[PDB]
Amino acid sequence: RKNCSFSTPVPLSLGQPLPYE
Amino acid sequence: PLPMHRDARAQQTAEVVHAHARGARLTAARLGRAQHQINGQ
Amino acid sequence: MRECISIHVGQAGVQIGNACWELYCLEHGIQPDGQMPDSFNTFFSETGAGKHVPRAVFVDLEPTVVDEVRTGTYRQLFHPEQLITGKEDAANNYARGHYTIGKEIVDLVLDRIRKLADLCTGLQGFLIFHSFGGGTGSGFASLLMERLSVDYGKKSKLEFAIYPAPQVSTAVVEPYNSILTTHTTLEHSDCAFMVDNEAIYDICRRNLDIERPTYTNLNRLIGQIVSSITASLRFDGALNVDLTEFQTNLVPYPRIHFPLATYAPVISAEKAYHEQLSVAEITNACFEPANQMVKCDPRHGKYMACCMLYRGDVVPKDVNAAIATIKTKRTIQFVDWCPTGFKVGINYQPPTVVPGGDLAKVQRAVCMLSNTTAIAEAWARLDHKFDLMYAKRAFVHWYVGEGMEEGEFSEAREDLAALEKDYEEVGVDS
Amino acid sequence: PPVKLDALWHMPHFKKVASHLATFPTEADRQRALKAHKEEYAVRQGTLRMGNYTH
Amino acid sequence: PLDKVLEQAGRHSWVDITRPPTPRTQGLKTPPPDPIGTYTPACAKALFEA
Amino acid sequence: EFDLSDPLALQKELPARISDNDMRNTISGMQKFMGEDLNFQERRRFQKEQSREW
Amino acid sequence: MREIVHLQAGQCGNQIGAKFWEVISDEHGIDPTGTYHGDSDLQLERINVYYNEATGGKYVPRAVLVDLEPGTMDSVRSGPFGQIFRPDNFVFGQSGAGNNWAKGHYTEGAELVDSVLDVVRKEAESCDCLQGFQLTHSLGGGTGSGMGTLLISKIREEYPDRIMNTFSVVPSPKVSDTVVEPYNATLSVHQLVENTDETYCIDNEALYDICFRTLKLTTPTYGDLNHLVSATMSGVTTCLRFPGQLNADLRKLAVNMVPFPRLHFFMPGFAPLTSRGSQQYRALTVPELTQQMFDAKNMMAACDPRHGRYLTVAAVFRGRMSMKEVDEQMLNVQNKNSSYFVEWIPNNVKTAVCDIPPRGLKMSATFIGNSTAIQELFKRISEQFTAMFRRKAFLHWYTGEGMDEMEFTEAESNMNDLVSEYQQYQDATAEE
Amino acid sequence: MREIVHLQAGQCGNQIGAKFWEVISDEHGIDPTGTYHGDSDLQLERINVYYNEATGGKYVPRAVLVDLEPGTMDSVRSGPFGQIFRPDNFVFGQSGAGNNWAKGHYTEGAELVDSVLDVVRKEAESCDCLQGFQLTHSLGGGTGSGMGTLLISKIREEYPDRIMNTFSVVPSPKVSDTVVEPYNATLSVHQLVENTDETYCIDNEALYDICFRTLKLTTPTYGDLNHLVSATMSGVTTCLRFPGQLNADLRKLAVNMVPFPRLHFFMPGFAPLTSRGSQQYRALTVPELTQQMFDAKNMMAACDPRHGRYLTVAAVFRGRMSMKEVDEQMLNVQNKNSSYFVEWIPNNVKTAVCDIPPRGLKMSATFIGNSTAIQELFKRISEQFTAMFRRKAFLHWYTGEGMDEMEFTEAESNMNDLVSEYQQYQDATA
Ligand SMILES: Nc1nc2c(ncn2[C@@H]2O[C@H](COP(=O)(O)OP(=O)(O)OP(=O)(O)O)[C@@H](O)[C@H]2O)c(=O)[nH]1
Ligand SMILES: Nc1nc2c(ncn2[C@@H]2O[C@H](COP(=O)(O)OP(=O)(O)O)[C@@H](O)[C@H]2O)c(=O)[nH]1
Ligand SMILES: Nc1nc2c(ncn2[C@@H]2O[C@H](COP(=O)(O)OP(=O)(O)O)[C@@H](O)[C@H]2O)c(=O)[nH]1
Ligand SMILES: [Mg+2]
């Protein structure tokens, strides 16, 4: 499933977990 | 045009390459005998 | 009192330093820390704590070669102010190591040599080892001899070197470095000892039964050469020979200072078990063309000067009997103007052996230093490989882009061609 | 049967060079000895025409 | 086979190439030189030089 | 360095890929690759069962 | 010390460099988290060549990953060694190139190149004595083939004296996946010849052939291809990172390998590749390594060197050996295959030795060769580019970017001058 | 040192070579794994003549198995000694030749000739000094008859000096298994006479006769001949592999067996063939071996030697014996059968002795002989070729490949002039 947490910039993003926090 | 044209074309190139090969073999035989003589000298 | 300072250059210089200085510690009794548990004074130097420091200057333009010495067994043997490194190397470029990176450390190497020099009381000579292949061993070594000349006018500058092999090669652009280096080895050197690696490869495989040798097996054999030359300085003998003594009776002309060395006997322990060692056999092997460490046959030339260096339980009568035999032999040639071409040296101490080395221990030995004219054809081969590539200007953009002009290339080739013509007049008998 | 009796190829650009030495007392004796080595060319072994010759 | 070629050839490639060629003989006549062919001017000149 | 010239030092050598489990079979050494698929046959068979039932 | 900065461009570059960084982390005993786990002291002596220090005994790769498409960065971050890369070094755009070299080179690459230049300038000012940069990218892409060339052109101006390596992935005509691929290849080979110290041409079709024949893998995916590329890149600098009997580095290879500045295309090779069945009947020996390398099947480029003249040959061996056998083998392969080598350079082979073998393996050898067979790829690329560019096909995509039409002509002229020059050097007798 | 690279072509060649690789594995004490389980040191000192070294004390055959049809090598790799062969040394194509010499020699062989030339170049450079190659094939097939002639056609120019023995298979007239057999026979023997240092003519009938009468076997399988073939092949190189009173090798026989380069076809023989009804009644003596050999029933060729004159005779004895019984028996066989030997060469018989007997036996002997009676075979094939060529039958297979017709005409010319010169050497005045 296409996970765009890393690709999404800090503006225009939710609190969804990125990889390796 | 005719049906065995493709097959006919093959035989023509076959005889062409064969004749060229025999001529080259003749020339090579001449040169090799010359090698033998010059080596003996 | 006699002292010799070592100025090893290049990866060969560091690796020849490891083998040579390991041997020097064993013959005197130095522990790896540096303590005996004054024959040592020509190499070592006393300190306050009763510690002996070698008089060596390891220089290299790349850190990893010397850092292995810094973490080796003898890490606490060398003063940490005696092993010089550098960030960037010449990368088989004589030009880079001669005008760009070489100058950066020229002053500091001279300073270290200066502080080692004033320590010595009577300085005998400078043993400088390098290679013609690598950029640092050719470029920087050219500059230091050039600057050692102006600093020290009269001190002898011996030159042990690695002549690139005429068959095998560790580098392609090596003849460019080798041709350009010969200017320094001509007007800024006093004697030379070029040896190619394949010749020792032939010696080790044929005689020592090591079909798979390394540089270490090569390095131990070269270490035996330097020990045998300076053994007269270190230990008493019947006929002691200094550096100046054997320098004089090897060089007839100022442009002819390239003798060829020879060591004998080099034989495995299994083979020496049943074959007798005497002065006659060990001195005949010194004239065997298969035992020369320069890939040239003296039977294709004529000797002008030969230096004899005997070691062990040798007797002067057997020395003169051996010399009489070798003169009465037609296959050995000599120039007309040198009826007497021998200089003999006699030492008492037999050669020590490194444990796990390769040579068998022997009660007697011999070292040979012959200046012949059959060496010149090797310079013709160094031409020919330098020859078939300077026509097309291959690799010159590296040299020109570094910052040296191309006119020196023609001059460098020209001098050695005239230097070849030098040995032609030597070979002619009136 | 192998027969290799040739010399290394040499560019003629710097071919015309003498030597920086003059050992023989006079050029006349020099020419005598050079005539000598010129004839000894064939008998002498080696590419540079030096050494023992043949037998 | 490089041998029965000569034996059938007869005149062509006479043994002892320095022996003079027979003026008239049923053997296969020497083909003319050609830059692209069995017989070449270069091999002809090599034979003459030998 | 007797092992370098030893006629039987080779007997003291190993194929370096004797099994599929050797600890030296690390992808730094190029004797074990991801492309080797010993699960291929079972994967094919259970694909067949899956599709057949569907 | 002697540092290397790893530039990464495209999906090809990102995956290849991920595999490469993972592999060299396995050599230096580096975990996924970042710390050190190895046993020997030599495993941590020169790791500052590729790694930078951080608190906790942590090391970050000296890598700059650039891509115009953000979706590859997520896969890179979620890969096996995705943690180890500091995410400031990731530089991504919002719109890709769409396999368009012109879009990668002029339109959208100009807005990302400032950030990439800032990152690489920070990383270059970090290390005290930088040896040079090493870039991985694909020639059939839009960003690596595109913006990568612009990056190269700027950093060559910025740091002229530093070495410039590229493990470039050249397209294959026998197996192709992009229609507009020849246009990008032609427009990027010009930048490669103008501004690059060394190139290694890597062919995916050649890698597929190696996997199909040499290893006989039933299903070799792209991971094994990147594995082979990583072998090559590791074997280039193994002697720089680890001591050996005869040491070398990138400039040691380049100075000895480039006779003329227009000649910097190299064919790389790796010796110890055997199948699982072939592991049973073999012997780890220098002659076998030399033969396996000198076979043309082992080659990972798309040209047969039997159709070329080996200008110069480079053999870098990994592991402890005897130098007698390696010098004997190189001299033997020089003498036996005499006329495959040019005559105007003697002893065409340059050798290097590194003591430390690669992990889990006793013996290996790597190879870099400059030969005349490499012009066979440029001729074929030129043929296809002519066949496309005659009809002005697919030209509106490149023309709408604002560039003129003379650039194709000048790139073709440069490539034809390259191939003519290589053929002239091949047909060149020296007179002495 | 003196190595042997074993060529292997055709289904016939595949099975006998597999059998040949079985028996010399038994002699050298090699298990199906590849390791050495023998007891004597003399079983492992010269094992490098046939095998190559592999890791773990493993010995792999230096063999190159070639075939056009993929099916045969599966039977090769499924045998007892099936896994000892290196998988890379297997080389094969996807389609056969279908008993056509033309397909294997011109159309299909020319794709796979590249691959075999590498792997024989592989096995050439592995050995320091290769004694020569050796080939096993059949002249009545499509690949060994075809491509097999092309392999020996190429390696001559590339490797001139090396010896080439061929363990060939001549088809038989009385029983034949292929209609187009006469064509492939003549299109091979014209090749064979021009590249073979020494030829061994093995014909399938004579072993099929030798299995009835001499050995008394009810059901002769193909393996029994492959044993009997390989048994004499072992006796050819037995003196090479083991020391003896009078050593020999291939070349010591080759220059002694060939009076003229046009004559290299011999007729072999193997001595100790006894049925199970014969072992209980026999004394193992050299006179028994000599009388067993010179009898004409024992042979594995199809030409009674009493119809011709023995040009040269070679005998290789295996075991430890006294030289009296040897030297006195060939002298005895020479004088009694005075009419059966040519007059212009005295002492036509040459002998060699290997001290080591073959396993499972005490004494043995191998005989190679060139006699004029071998011309009885070649003329009989020309008796069938002209009988079938005159009607231009089956030609569309052969001219369909693109060949001309003078190839047939020159092929019959070579054998006709071969037998013509063979005949003249029978009637020669002293
Ligand atoms: N006999 C011998 N020669 C050596 C040894 N080490 C290096 N060499 C020679 O040195 C040559 C290359 O130069 P290196 O000494 O390795 O390096 P360098 O002199 O510092 O010059 P750069 O490589 O530019 O740094 C090779 O061709 C070798 O012949 C050694 O241990 N023994
Ligand atoms: N050998 C190899 N080639 C790859 C890999 N991934 C992609 N490629 C090749 O790279 C090309 C696509 O590159 P692309 O993503 O468009 O580069 P970009 O435009 O710079 O992002 C395709 O032709 C693939 O064949 C890989 O993992 N290994
Ligand atoms: N003596 C003997 N003859 C064999 C053996 N195997 C096959 N043959 C003969 O070989 C012939 C067929 O050869 P063929 O397979 O067509 O040769 P190819 O076409 O080169 O592979 C038949 O006449 C068989 O009698 C064997 O093991 N021993
Ligand atoms: Mg160096």
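Here the residue numbering is sequential from 1 along each chain as its sequence is written and may not follow the entry numbering; residues with no coordinates are omitted from view. Chains and ligands are labelled sequentially in the order written, the chains with letters from A and the ligands with numbers from 1. Bear in mind that the chains are drawn from a larger assembly and that all values refer to what is shown. By convention in this description, side-chain values take in all heavy atoms of the structure and omit both hydrogens and water.

Looking at the entry header, you'll see cryo-EM listed as the method and 3.5 Å as the resolution.

### What to know about the UniProt feature "binding site: Mg(2+)" in chain G
Residue and element names in this part refer to chain G. Annotation from UniProt places "binding site: Mg(2+)" at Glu69. Segments assigned H or I by DSSP are reported as helices when at least four residues long, segments assigned E as strands when at least two residues long, and all are numbered from the N terminus. Note that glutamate 69 resides in the loop between β4 (63-67) and α2 (71-78). Relative accessibility under 20% of the residue-type maximum defines a buried residue, over 50% an exposed one, and the middle range a partly exposed one, all with a 1.4 Å probe and only protein chains included. By relative accessible area, which is 34% here, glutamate 69 ends up partly exposed. In protein, a polar contact means a hydrogen-donor-capable atom and an acceptor-capable atom, both N or O and within 3.5 Å, with residues adjacent in sequence counting only if both atoms are side-chain atoms; elsewhere, any N or O pair within 3.5 Å suffices. A distance of 3.1 Å separates the side chain of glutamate 69 from the backbone nitrogen of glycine 71, its partner in a polar contact. UniProt positions are given in the numbering used here, feature names are shortened, and annotations may be inferred rather than shown by experiment.

### Details of a nonpolar patch on the surface
Residues and elements named next belong to chain G. On the surface, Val179, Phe394 and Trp397 cluster together into a nonpolar patch covering about 320 Å² of accessible area. For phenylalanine 394, the location among the structural elements is in the loop between α12 (375-389) and α13 (395-399). Classification of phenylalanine 394 by relative accessible area gives partly exposed; the value is 37%. Residues enter patches when their relative accessible area tops 30% and they take part in no salt bridge; the joining distance is 9 Å for like charges and 5 Å for the nonpolar side chains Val, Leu, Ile, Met, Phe, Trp and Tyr. In these tables, accessible area is a Shrake-Rupley quantity obtained with a 1.4 Å probe, and a residue counts as shielded only by the protein chains included in the view. For salt bridges, the criterion is a side-chain nitrogen of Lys or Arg within 4 Å of an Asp or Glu carboxyl oxygen.

### Describing helix α15 (residues 406-424) of chain H
Expected helix span is given by 1.5 Å per residue-to-residue step, counting one fewer step than there are residues. The terminal C-alpha atoms of α15(H), which comprises 19 residues, lie 27 Å apart, in line with the 27 Å expected from a rise of 1.5 Å per residue. Taken residue by residue, α15(H) has H:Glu407, H:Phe408, H:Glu410, H:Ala411, H:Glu412, H:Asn414, H:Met415, H:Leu418, H:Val419, H:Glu421 and H:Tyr422 as its buried positions.

### Re the site of ligand 3
All names here are of chain H. Proximity criterion: a residue is near a molecule or strand once any of its heavy atoms comes within 4 Å of it. Around ligand 3 sit 15 residues, and of these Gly142, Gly144, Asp177, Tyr222 and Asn226 come closest. Here an oxygen atom of ligand 3 and a backbone polar atom of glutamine 11 are 3.2 Å apart. Residue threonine 143 places a main-chain N or O atom 2.9 Å away from an oxygen atom belonging to ligand 3. Starting from 590 Å² of accessible surface for ligand 3 in isolation, the protein chains cover 85%.

### Examining the pattern of salt bridges
One pass over the structure, following the stated rule, counts 61 salt bridges over all chains. Between G:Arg162 and G:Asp161 there is a salt bridge, and its shortest N-O distance comes to 3.3 Å. The class for G:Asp161 is exposed, based on a relative accessible area of 52%. Taken together, the shared-partner salt bridges connect B:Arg22, B:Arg25, H:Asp404 and H:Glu410 into one network.

### A look at the side chain of C:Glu198
Residues and elements named next belong to chain C. Take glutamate 198: it is sitting in helix α8 (residues 197-207). When charges are counted, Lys and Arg are positive and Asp and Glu negative, with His and the chain ends excluded. Of the buried charged residues, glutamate 198 lacks a salt bridge, with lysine 295 as the closest side chain of opposite charge at 6.2 Å. Any two residues whose heavy atoms approach within 4.5 Å are treated as being in contact. In contact with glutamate 198, other than residues within four places in its own chain, are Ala165, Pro166, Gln167, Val168 and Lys295.

### Concerning the packing of aromatic side chains
What counts as a ring pair is set by centres within 6.5 Å for rings of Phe, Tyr and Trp (its six-membered ring), and what kind of pair is set by the plane angle: stacked under 30 degrees, edge-to-face over 60, tilted for all other angles. Across all of its chains, the model carries 66 aromatic pairs over all chains by this definition. A ring pair is formed by C:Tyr176 and C:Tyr390, whose centres lie 6.2 Å apart and whose planes are at 80 degrees; its orientation type is edge-to-face. With C:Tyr176 in helix α6 (residues 174-181) and C:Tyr390 in helix α14 (residues 376-390), this residue pair connects regions lying 214 residues apart in the sequence. Judged by relative accessible area, which is 0%, C:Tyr176 ranks as buried. Owing to a relative accessible area of 8%, C:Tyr390 belongs among the buried residues under this scheme. Ring centres of G:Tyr183 and G:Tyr398 lie 5.3 Å apart, and the angle between their planes is 50 degrees; on these two criteria the pair is classed as tilted.

### What to know about the site of ligand 1
Of all residues adjacent to ligand 1, which total 21 residues, the nearest are C:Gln11, C:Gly135, C:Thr170, C:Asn197 and G:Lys252. C:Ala12 places a main-chain nitrogen or oxygen 3.1 Å from an oxygen atom of ligand 1. With respect to ligand 1, the side chain of C:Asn219 contributes an N or O atom lying 3.1 Å from a nitrogen atom. In the complex, the protein chains occlude 94% of the 620 Å² of accessible area that ligand 1 would expose alone.

### Thoughts on the sheet that holds strand β12 (residues 269-270) of chain H
Residue and element names in this part refer to chain H. Each pair of strands is called paired provided DSSP finds at least two bridges between the two strands. Spatially, the four strands line up as an open sheet ordered β12-β15-β13-β14, and their pairing is mixed. Each having just a single partner strand, β12 and β14 (349-354) make up the two edges of the open sheet. Two strands pair when backbone bridges link them, and β12 and strand β15 (residues 364-371) are joined in this way by two bridges, in the antiparallel orientation. Bridged to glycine 269 within β15 is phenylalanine 367. All axes are obtained by fitting lines to C-alpha atoms, using only the stretch in contact for helices, and the reported angles, taken between N-to-C directions, cover 0 to 180 degrees. Where helix α11 (residues 286-294) meets the sheet, it contacts β12, β13 (310-318) and β15, and its direction lies at approximately 140 degrees from that of β13. The strands touched by helix α12 (residues 323-336) are β13 and β14; relative to β14, the strand with the most contacts, the crossing angle is about 160 degrees.

### Concerning the packing of helix α6 (residues 181-192) of chain H against α15(H)
Helix-helix packing: each pair is described by the crossing angle between the helix axes and the interaxial distance. Residue and element names in this part refer to chain H. Their axes nearest at 9 Å, the elements α6 and α15 cross at an angle of 65 degrees. In terms of orientation, α6 lies roughly perpendicular with respect to α15. Classified by chirality, the crossing of α15 by α6 is left-handed. Here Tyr183, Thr186, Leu187 and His190 of α6 lie close against α15, whose contacting residues are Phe408, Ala411, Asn414 and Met415. Charged residues are taken to be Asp, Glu, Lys and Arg, nonpolar residues to be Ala, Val, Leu, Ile, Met, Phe, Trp, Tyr, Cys and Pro, and polar residues to be all remaining types, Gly included. Across the contact of α6 with α15, the residue classes tally to five nonpolar, three polar and no charged. The cut-offs work like this: below 35 degrees is roughly parallel, past 145 is roughly antiparallel, 65 to 115 is roughly perpendicular, and the gaps in between are oblique. Two helices that cross are described as forming a left-handed crossing if the nearer one is turned anticlockwise from the farther one by less than a right angle, and a right-handed crossing if clockwise.

### Side note on unusual backbone geometry
In this chain, C:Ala264 is followed by C:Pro265 through a cis amide linkage whose omega measures -5 degrees. On the secondary structure map, C:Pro265 appears in the loop between β9 (260-264) and α11 (269-272). Its identity is not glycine, yet D:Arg49 carries a phi of approximately 65 degrees, on the positive side. With respect to the secondary-structure elements, D:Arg49 resides in the segment after α1 (27-40). Positioned with a positive phi, E:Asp16 is a non-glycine residue whose angle comes to about 60 degrees. Residue position: E:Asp16 is located in the loop between α1 (4-9) and α2 (41-49). E:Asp16 gets classed as partly exposed once you look at its relative accessible area, which sits at 38%.

### Remarks on the interface of chain G and chain C
Opposite the 42 residues of chain G that make contact, chain C presents 40 residues. In terms of surface lost to chain C, no three residues of chain G exceed G:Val255, G:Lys324 and G:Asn347, which account for 15% of the buried area on that side. Where chain G meets chain C, there are four salt bridges. Between C:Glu62 and G:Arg2 there is a salt bridge; the shortest N-O distance is 2.8 Å. The tally of links between chain G and chain C comes to 13 residue pairs in polar contact. Of all the secondary structure elements, the ones that give two or more residues to the side of chain G that touches chain C are α9 (250-257), α11 (323-336) and β11 (349-354) of chain G. The greatest single-element share of the side of chain G that touches chain C, amounting to six residues, is contributed by α11(G). Throughout, buried area stands for the accessible area (probe radius 1.4 Å) lost by two parts on being put together, summed over both.

### Observations concerning the sheet that holds strand β7 (residues 163-166) of chain H
Residues and elements named next belong to chain H. On the basis of which strands lie adjacent, the open sheet formed by seven strands has the order β5-β4-β1-β6-β7-β9-β11 and parallel pairing. Where the open sheet ends on each side, the last strands, each with one partner, are β5 (90-92) and β11 (265-266). Strand contacts of helix α4 (residues 109-126): β1 (3-9), β4 (63-67), β5 and β6 (130-135), with the helix running at about 170 degrees to β4, the strand carrying the most contacts.

### Topic: the domain arrangement of chain G
Residues and elements named next belong to chain G. The domains assigned to chain G are domain 1 (3-257), domain 2 (265-374) and domain 3 (375-425). A straight line from the C-alpha centre of domain 2 to that of domain 3 covers 34 Å. Taken together, the contacts link ten residues of domain 2 with eight residues of domain 3. Here domain 2 is connected to domain 3 by zero salt bridges. Inspection of the region where domain 2 meets domain 3 yields six residue pairs in polar contact. Across the side of domain 2 that touches domain 3, the residue classes tally to seven nonpolar, three polar and no charged. In this entry, domain limits derive from an automatic or database-based domain assignment.

### Focus on the nonpolar core
Core analysis: the largest hydrophobic core is formed by 145 residues, its most contacted members being C:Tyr176, C:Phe246 and C:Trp379. Here the element with the most residues in this core is helix α9 (residues 215-234) of chain C; it accounts for eight residues. Those residues within four positions of C:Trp379 in sequence are excluded, and the remaining contacts are C:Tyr163, C:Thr182, C:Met194, C:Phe258, C:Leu416, C:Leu419, C:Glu420 and C:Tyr423. As used in this record, nonpolar core signifies buried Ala, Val, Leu, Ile, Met, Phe, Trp, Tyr and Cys residues forming a set joined through side-chain atoms within 4.5 Å. Core analysis: the next-biggest nonpolar cluster, separate from the first, contains 61 residues, H:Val66, H:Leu263, H:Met299 and H:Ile381 among them.

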